[PDB]
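A.B. asks: Can you read through this structure? Questions will come right after.
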Amino acid sequence: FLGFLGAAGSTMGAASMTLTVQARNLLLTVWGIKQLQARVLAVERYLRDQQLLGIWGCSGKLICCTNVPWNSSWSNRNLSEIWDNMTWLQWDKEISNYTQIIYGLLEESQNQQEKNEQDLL
Amino acid sequence: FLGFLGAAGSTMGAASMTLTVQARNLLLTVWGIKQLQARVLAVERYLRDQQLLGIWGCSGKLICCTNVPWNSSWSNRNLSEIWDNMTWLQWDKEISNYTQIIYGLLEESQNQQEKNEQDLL
Amino acid sequence: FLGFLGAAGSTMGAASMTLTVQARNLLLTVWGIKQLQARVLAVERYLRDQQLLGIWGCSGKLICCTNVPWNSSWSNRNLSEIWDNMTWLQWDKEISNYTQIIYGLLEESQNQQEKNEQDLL
Amino acid sequence: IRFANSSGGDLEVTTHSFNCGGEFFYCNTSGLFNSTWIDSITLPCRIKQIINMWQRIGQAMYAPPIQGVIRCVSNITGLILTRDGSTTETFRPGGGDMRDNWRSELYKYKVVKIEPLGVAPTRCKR
Amino acid sequence: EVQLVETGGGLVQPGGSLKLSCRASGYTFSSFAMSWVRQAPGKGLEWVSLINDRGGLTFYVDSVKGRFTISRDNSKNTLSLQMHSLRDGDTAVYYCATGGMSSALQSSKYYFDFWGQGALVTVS
Amino acid sequence: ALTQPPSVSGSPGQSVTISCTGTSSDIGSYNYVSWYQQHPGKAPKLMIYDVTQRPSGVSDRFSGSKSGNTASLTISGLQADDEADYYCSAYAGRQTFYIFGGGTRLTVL
Amino acid sequence: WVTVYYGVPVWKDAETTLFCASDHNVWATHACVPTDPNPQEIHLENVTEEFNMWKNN
Amino acid sequence: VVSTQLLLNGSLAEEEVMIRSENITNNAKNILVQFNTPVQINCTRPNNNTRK
Ligand SMILES: *[C@@H]1O[C@H](CO)[C@@H](O[C@@H]2O[C@H](CO)[C@@H](O[C@@H]3O[C@H](CO)[C@@H](O)[C@H](O[C@H]4O[C@H](CO)[C@@H](O)[C@H](O)[C@@H]4O)[C@@H]3O)[C@H](O)[C@H]2NC(C)=O)[C@H](O)[C@H]1NC(C)=O
Ligand SMILES: *[C@@H]1O[C@H](CO)[C@@H](O[C@@H]2O[C@H](CO)[C@@H](O)[C@H](O)[C@H]2NC(C)=O)[C@H](O)[C@H]1NC(C)=O
Ligand SMILES: *[C@@H]1O[C@H](CO)[C@@H](O[C@@H]2O[C@H](CO)[C@@H](O)[C@H](O)[C@H]2NC(C)=O)[C@H](O)[C@H]1NC(C)=O
Ligand SMILES: *[C@@H]1O[C@H](CO)[C@@H](O)[C@H](O)[C@H]1NC(C)=O
Ligand SMILES: *[C@@H]1O[C@H](CO)[C@@H](O)[C@H](O)[C@H]1NC(C)=O
Ligand SMILES: *[C@@H]1O[C@H](CO)[C@@H](O)[C@H](O)[C@H]1NC(C)=O
Ligand SMILES: *[C@@H]1O[C@H](CO)[C@@H](O)[C@H](O)[C@H]1NC(C)=O
Ligand SMILES: *[C@@H]1O[C@H](CO)[C@@H](O)[C@H](O)[C@H]1NC(C)=O
Ligand SMILES: *[C@@H]1O[C@H](CO)[C@@H](O)[C@H](O)[C@H]1NC(C)=O
Ligand SMILES: *[C@@H]1O[C@H](CO)[C@@H](O)[C@H](O)[C@H]1NC(C)=O
Ligand SMILES: *[C@@H]1O[C@H](CO)[C@@H](O)[C@H](O)[C@H]1NC(C)=O
Ligand SMILES: *[C@@H]1O[C@H](CO)[C@@H](O)[C@H](O)[C@H]1NC(C)=O
Ligand SMILES: *[C@@H]1O[C@H](CO)[C@@H](O)[C@H](O)[C@H]1NC(C)=O
Ligand SMILES: *[C@@H]1O[C@H](CO)[C@@H](O)[C@H](O)[C@H]1NC(C)=O
Ligand SMILES: *[C@@H]1O[C@H](CO)[C@@H](O)[C@H](O)[C@H]1NC(C)=O
Ligand SMILES: *[C@@H]1O[C@H](CO)[C@@H](O)[C@H](O)[C@H]1NC(C)=O
Ligand SMILES: *[C@@H]1O[C@H](CO)[C@@H](O)[C@H](O)[C@H]1NC(C)=O
Ligand SMILES: *[C@@H]1O[C@H](CO)[C@@H](O)[C@H](O)[C@H]1NC(C)=O
Ligand SMILES: *[C@@H]1O[C@H](CO)[C@@H](O)[C@H](O)[C@H]1NC(C)=O
Ligand SMILES: *[C@@H]1O[C@H](CO)[C@@H](O)[C@H](O)[C@H]1NC(C)=O
Ligand SMILES: *[C@@H]1O[C@H](CO)[C@@H](O)[C@H](O)[C@H]1NC(C)=O
Ligand SMILES: *[C@@H]1O[C@H](CO)[C@@H](O)[C@H](O)[C@H]1NC(C)=O
Ligand SMILES: *[C@@H]1O[C@H](CO)[C@@H](O)[C@H](O)[C@H]1NC(C)=O
Ligand SMILES: *[C@@H]1O[C@H](CO)[C@@H](O)[C@H](O)[C@H]1NC(C)=O
């Protein structure tokens, strides 16, 4: 099919089947330095995302189902519109202002789950 | 609450609730090189710890319960003192000389568990 | 016992007990640049392998049992020869031409499994 | 406790050197360190254009002259003293090793390495 | 000296519901796991439910598993137990007790250290 | 659950023994067998916990042990104040957390 | 019994490279990291630490 | 700030003048004295120099 970002204009539920396509594309002394800075940055950006998924309990997954409830105040829409009509770019704009809240909640539910699982052992 | 290392003087069981606070803080050509060396080092140090947790079977976790028994010879104390009286800094000094032994044992119990789990499939 | 690559001439089933031995060994401005390029490369190579294991659903493991069937066309041998007679170097040469096929199949079975596990929740 | 002026050494040590307004001054501090125990005090100063920085030999610089009149106002925040010496002690201005001018600001800071892994007994089993 | 004081109604019809509660004092409430134990009018003791010190984990005896809810609020030093459906067979004195489990980083208990006096609940 | 329904008795100053019989995948394998003392009309008091240990405030007249799949509570210098029902309980693993035996009435003669 | 923790608030003395930051200079010109206008400082309760200004790298 | 003998434009001690030394009894060591108040010093080159 299409490669990197070929799914960009597809709906959210049509996309998200191509997650491996994008994931794999994230990987004279002055020129050497500029090239290294570009490469170090690519690595640090990659690792920040992996660290964050680890914190949320989603390590090793591309699709991670969590236990945080969705707030209707973040986006008051039914799954049918979000997944069958909207694209990911549109969605990202729609909930941009709630991203930090959501991330904070994901971190917190994982801390509680992780401790509960210790108490059960 | 307090941020990075704010829990340093707290007891071990009061601390260890802030593990995400510290985990997130681990992330002219001559100046460029010095800065890159500092950044490459931060990445390599981070990855060595992640590799080691992976080897021990603790990948993706901040709290990992293992199957290695505690030796009374490493520290002959009851959980009440270790977790409610001591700080992490004091503890680290107390068992510094056994760290390599413990790490070796963790590696070994994981190799055995990992093989047993293959035989069960 | 023997350290890094000491198992290289051992049979495949005699080896593969030493996986942690090899895994741990993967970790004037011009000299600084050459050294950094060597170090950045070691990191990028390491991460490409870790990303790939993540894609296949083998994150955090040294031995990962998957659900892809073995094709007799890749190597028509019985486990007794592969594991008790052959070395890993010989094996790698024997199936070199099928490596990309196998990798593609592993990626695909993981995508299907990962989605099925979402539908079950 | 007595104060005395500097001991012999080269100009960069025996005087109070500073760079202000773009020019390098070498001031005579004997009027400040001349007392037993404990208007204004005027210290004469010399000026140089050829400067040998730090304690290096081989790299000299020429300070361009600065047009116009130079006036500088600054805060003395501390001293570097050396003890000359059991019934009396004499203190003299010293220094010349620039590291001591930073040691005086960085004294409050320490750099530590974070070591995030650790183990402890808990009552649980995998 | 510590206290556990059970409160709540003592009489319901079968098919209804009842909320019991237990106020604690004299100790750090949040440091202990807590349970409810029944004393049938003519029998002995029966364990019914257990809640973790932080309220995260709840355990029930199978006989009430789909009917009773155990909850904890560490800011008010209270437990609560919400009974539903109710059968004549659930008549008992319900005791509030401190203990039952553990907190992982502390020595285990697996026993009950402090007891309240018990609320009497009758299902008619 | 656990068993010991009959009464137990003796005169002041005589020792008495209260048994508590369970099974292997219960009282046998888990060394968490507490004992409780209940005077009628009152909530029960903890007398013994784990196996042999007693809470502060409990006299040394109360001690105990276990063997095989049976536990026991021993009362030494029996007092009139010991006339209470005694119960044994045990941690019975996960899923089934606790079980109790019926109580035994201790009669002082 | 061994439980592994990661993110433990423990540190050791160390010597590393620090970088310069700042809000036609001889020193810090553009070759300097812009500063955080609201830098953080965290008081550490109950921490005693040994300092030695004469051995400070 | 680069200077000798007198330290200029540094920080001040919070309460009292402090004396710090590697070894206060070693005459071969320097003594650093930090004031808790600044002393104002006014320096000048009172000459209208021209430049060419
Ligand atoms: C201790 O701290 C004080 C406080 O900052 C410091 O004094 C300052 O020194 C600078 C430089 O000597 C002074 O700035 C000059 O002010 C005059 C006033 O008209 C200007 O004409 C000067 O401009 C020239 O230099 C500029 C440099 O970039 C050029 O861009 C410009 O075109 C001119 O060439 C210059 O601005 C400053 O005013 C004083 N501050 C006070 C309050 O007097 C003092 O030097 C410090 N002590 C030491 C030893 O460093
Ligand atoms: C620093 O200033 C003092 C004060 O003027 C100078 O001291 C004079 O030195 C000559 C040298 O023999 C003496 O005869 C004078 O009596 C000194 N004056 C006083 C008041 O004692 C001093 O020499 C200057 N230092 C330098 C290096 O020039
Ligand atoms: C000498 O020290 C004084 C005292 O700290 C400095 O004056 C202060 O400068 C700050 C700068 O924001 C002001 O907020 C204070 O109100 C000032 N204090 C007084 C009493 O005015 C003074 O600037 C320093 N001199 C030099 C040259 O740095
Ligand atoms: C573009 O929009 C049309 C509108 O119906 C849709 O059918 C088509 O599939 C969209 N393109 C992609 C890649 O989905
Ligand atoms: C939803 O957001 C509102 C504020 O926007 C908040 O009060 C509410 O508790 C949130 N609900 C959930 C389920 O988090
Ligand atoms: C809800 O779903 C219906 C179709 O089932 C759709 O027409 C409607 O626009 C949706 N509402 C929103 C705003 O998601
Ligand atoms: C949503 O998908 C349905 C599918 O038929 C389509 O008819 C509708 O116009 C779409 N709405 C938007 C806003 O794209
Ligand atoms: C996010 O902030 C911008 C700021 O202008 C605002 O326009 C936008 O509507 C906000 N989005 C939401 C979903 O509130
Ligand atoms: C510092 O020690 C005191 C001693 O009781 C303790 O109460 C306090 O909580 C400790 N500080 C922290 C951060 O725990
Ligand atoms: C404890 O350490 C001793 C030596 O220090 C060793 O002989 C013993 O086997 C160890 N016990 C366990 C449980 O590993
Ligand atoms: C054991 O725990 C008791 C309190 O339960 C404590 O007083 C004692 O010091 C502890 N022993 C050690 C050395 O941990
Ligand atoms: C341990 O914690 C208890 C809690 O009250 C305290 O009383 C005791 O002094 C502490 N011991 C140490 C060594 O800090
Ligand atoms: C660790 O080694 C040092 C070396 O001096 C020794 O002093 C210390 O007591 C040792 N620690 C333990 C726990 O044995
Ligand atoms: C080398 O081959 C011989 C042949 O039998 C075998 O016995 C020996 O174990 C092999 N070496 C290793 C390291 O396995
Ligand atoms: C095995 O490979 C052949 C072609 O080499 C292919 O047609 C067949 O479907 C493969 N079998 C499996 C189980 O993948
Ligand atoms: C199959 O196994 C037998 C021994 O069980 C062995 O002799 C034979 O060579 C094997 N065939 C192949 C090609 O793996
Ligand atoms: C395979 O292993 C058996 C074990 O005895 C040995 O006899 C045989 O010669 C080996 N074959 C090869 C090709 O190494
Ligand atoms: C792989 O390709 C090379 C190319 O020369 C060929 O010789 C070799 O036999 C191939 N291997 C297999 C297993 O087909
Ligand atoms: C120090 O003061 C004495 C006073 O006689 C003077 O001779 C000497 O040259 C002065 N030294 C300096 C460096 O000013
Ligand atoms: C030092 O003090 C004496 C005391 O009268 C004075 O005469 C002499 O001129 C002073 N020296 C300097 C350099 O001011
Ligand atoms: C500084 O304080 C320490 C505290 O132990 C003391 O030992 C040291 O001698 C003091 N420094 C001086 C110069 O006296
Ligand atoms: C400090 O200086 C005195 C001077 O004799 C010397 O004896 C002493 O050992 C020095 N202190 C240290 C710690 O070296
Ligand atoms: C220093 O004091 C003298 C006294 O006559 C005065 O003339 C001179 O201008 C002053 N210098 C400065 C820098 O103010
Ligand atoms: C220095 O000479 C310039 C020439 O224009 C004049 O403007 C300035 O005022 C003079 N400065 C003094 C202090 O005389």
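A.B. asks: Just to check your reading of the model, which residue among G:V33, G:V26, G:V10 is among the hydrophobic types (A, V, I, L, M, F, W, C) and surrounded by 13 or more Cβ atoms within 10 Å (Cβ to Cβ)?
C.D. replies: Within the list G:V33, G:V26, G:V10, the selection yields G:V10.
A.B. asks: Name the residues in the stretch C:63-83 that are surrounded by 12 or more Cβ atoms within 10 Å (Cβ to Cβ) and assigned to a helix (DSSP H, G or I), would you?
C.D. replies: C:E81, C:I82, C:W83 - these are the residues of the stretch C:63-83 that are surrounded by 12 or more Cβ atoms within 10 Å (Cβ to Cβ) and assigned to a helix (DSSP H, G or I).
A.B. asks: Inside the stretch B:11-39, can you point out the residues that are surrounded by 19 or more Cβ atoms within 10 Å (Cβ to Cβ), of a type in the set (A, V, I, L, M) and touching a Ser or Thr at 6+ places or on another chain (Cβ under 7 Å)?
C.D. replies: Listed by number, the residues that qualify are B:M12, B:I33.
A.B. asks: Which is within 11 Å of chain G (Cβ to nearest Cβ), part of a helix (DSSP H, G or I) and either away from ligand 19 (no atom under 16 Å from the Cβ) or not hydroxyl-bearing (S, T, Y) (or both), of B:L47, B:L105?
C.D. replies: Of B:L47, B:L105, the one residue that is within 11 Å of chain G (Cβ to nearest Cβ), part of a helix (DSSP H, G or I) and either away from ligand 19 (no atom under 16 Å from the Cβ) or not hydroxyl-bearing (S, T, Y) (or both) is B:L105.
A.B. asks: Against the condition at the interface with another protein chain (Cβ under 8 Å from one of its Cβ atoms) and either within 29 Å of C:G60 (Cβ to Cβ) or out of contact with any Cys (no Cβ under 8 Å at 6 or more places or on another chain) (or both), how does B:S75 come out, does it pass?
C.D. replies: Against the criterion (at the interface with another protein chain (Cβ under 8 Å from one of its Cβ atoms) and either within 29 Å of C:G60 (Cβ to Cβ) or out of contact with any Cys (no Cβ under 8 Å at 6 or more places or on another chain) (or both)), B:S75 qualifies.
A.B. asks: Residues that are within 14 Å of chain F (Cβ to nearest Cβ) and under 20 Å from E:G26 (Cα atoms): find the strands (runs of 3 or more DSSP E) completely inside the stretch E:64-124 holding 2 or more of those.
C.D. replies: Per the criteria, E:92-99, E:112-115.
A.B. asks: Please verify whether D:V13 is farther than 21 Å from H:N26 by Cβ, under 19 Å from the mean Cα position of the chain (by Cα) and facing chain H (nearest Cβ under 7 Å), treating the condition exactly as stated.
C.D. replies: It is false that D:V13 is farther than 21 Å from H:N26 by Cβ, under 19 Å from the mean Cα position of the chain (by Cα) and facing chain H (nearest Cβ under 7 Å).
A.B. asks: Please verify whether F:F62 is hydrophobic (A, V, I, L, M, F, W, C) and more than 19 Å from E:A40 (Cα to Cα), treating the condition exactly as stated.
C.D. replies: yes
A.B. asks: Still on this structure, I have one more. Only residues that are part of a strand (DSSP E or B), surrounded by 15 or more Cβ atoms within 10 Å (Cβ to Cβ) and within 7 Å of another protein chain (Cβ to nearest Cβ): list them for the stretch H:21-52, please.
C.D. replies: Hits for the stretch H:21-52 are H:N30, H:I31, H:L32, H:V33, H:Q34, H:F35, H:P38, H:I41, H:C43, H:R45.
A.B. asks: Only one of A:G9, A:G3, A:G57 is away from ligand 18 (no atom under 16 Å from the Cβ), in a loop (DSSP other than H, G, I, E, B) and in contact with a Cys (Cβ under 8 Å, 6 or more places away or on another chain); which?
C.D. replies: Of A:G9, A:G3, A:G57, the one residue that is away from ligand 18 (no atom under 16 Å from the Cβ), in a loop (DSSP other than H, G, I, E, B) and in contact with a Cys (Cβ under 8 Å, 6 or more places away or on another chain) is A:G57.
A.B. asks: Something else now. Restricting to the stretch G:1-19, name every residue that is of a type outside the set (A, V, I, L, M), facing chain B (nearest Cβ under 8 Å) and assigned to a loop (DSSP other than H, G, I, E, B).
C.D. replies: G:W1, G:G7, G:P9, G:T16, G:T17, G:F19
A.B. asks: Kindly indicate whether B:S96 is polar (S, T, N, Q), within 11 Å of chain G (Cβ to nearest Cβ), surrounded by fewer than 16 Cβ atoms within 10 Å (Cβ to Cβ) and within 16 Å of ligand 10 (Cβ to nearest atom).
C.D. replies: yes
A.B. asks: I'd like the full set of residues that are within 22 Å of A:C58 (Cβ to Cβ) and away from chain B (no Cβ under 12 Å), limited to the stretch C:50-72.
C.D. replies: Passing the criteria: C:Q51, C:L52, C:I55, C:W56, C:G57.
A.B. asks: Now for a different question. Check whether at least one residue in the stretch H:3-15 is of a type in the set (V, I, T) and part of a strand (DSSP E or B), and report yes or no.
C.D. replies: Looking through the stretch H:3-15, none of the residues is of a type in the set (V, I, T) and part of a strand (DSSP E or B).
A.B. asks: What is the residue count in the stretch A:15-44 for residues that are under 28 Å from A:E107 (Cα atoms) and outside any helix (DSSP H, G or I)?
C.D. replies: Qualifying residue count for the region: 8.
A.B. asks: Among the residues of the stretch F:34-52, is any farther than 17 Å from E:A97 by Cβ, out of contact with any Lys or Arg (no Cβ under 7 Å at 6 or more places or on another chain) and surrounded by 14 or more Cβ atoms within 10 Å (Cβ to Cβ)?
C.D. replies: no
A.B. asks: Looking at the structure I just gave you, is D:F25 surrounded by 14 or more Cβ atoms within 10 Å (Cβ to Cβ) and more than 14 Å from ligand 20 (Cβ to nearest atom)? Give the derivation first.
C.D. replies: Details: surrounded by 14 or more Cβ atoms within 10 Å (Cβ to Cβ): yes; more than 14 Å from ligand 20 (Cβ to nearest atom): yes.
Spelling it out, D:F25 is indeed surrounded by 14 or more Cβ atoms within 10 Å (Cβ to Cβ) and more than 14 Å from ligand 20 (Cβ to nearest atom).
A.B. asks: Out of everything in the stretch D:33-59 that is in contact with a strand residue (DSSP E or B) (Cβ under 8 Å, 6 or more places away or on another chain) and over 14 Å from D:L11 (Cβ atoms), what residue ends up being nearest to ligand 7 (Cβ to nearest atom)? Step through it out loud before you land on a result.
C.D. replies: First, the residues of the stretch D:33-59 that are in contact with a strand residue (DSSP E or B) (Cβ under 8 Å, 6 or more places away or on another chain): D:33-37, D:43-53, D:59.
After this cut, where a residue has to be over 14 Å from D:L11 (Cβ atoms) as well, the list is D:33-37, D:43, D:59.
Details: D:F33: 85, D:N34: 90, D:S35: 89, D:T36: 93, D:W37: 90, D:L43: 82, D:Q59: 71 Å.
This residue is D:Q59.
For (1) of a type in the set (A, V, I, L, M, F, W, C); (2) more than 10 Å from chain G (Cβ to nearest Cβ); (3) more than 16 Å from ligand 13 (Cβ to nearest atom); (4) within 15 Å of the chain's Cα centre (by Cα), each residue gets a yes or a no:
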residue	(1), (2), (3), (4)
B:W31	yes, no, yes, no
B:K34	no, no, yes, no
B:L41	yes, no, yes, no
B:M86	yes, yes, no, no
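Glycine gets a Cβ as well: all are built from the backbone with ideal geometry, and neighbour counts include every protein chain shown. All of the numbers you see were taken from the coordinates with simple rules; none came from a lab.
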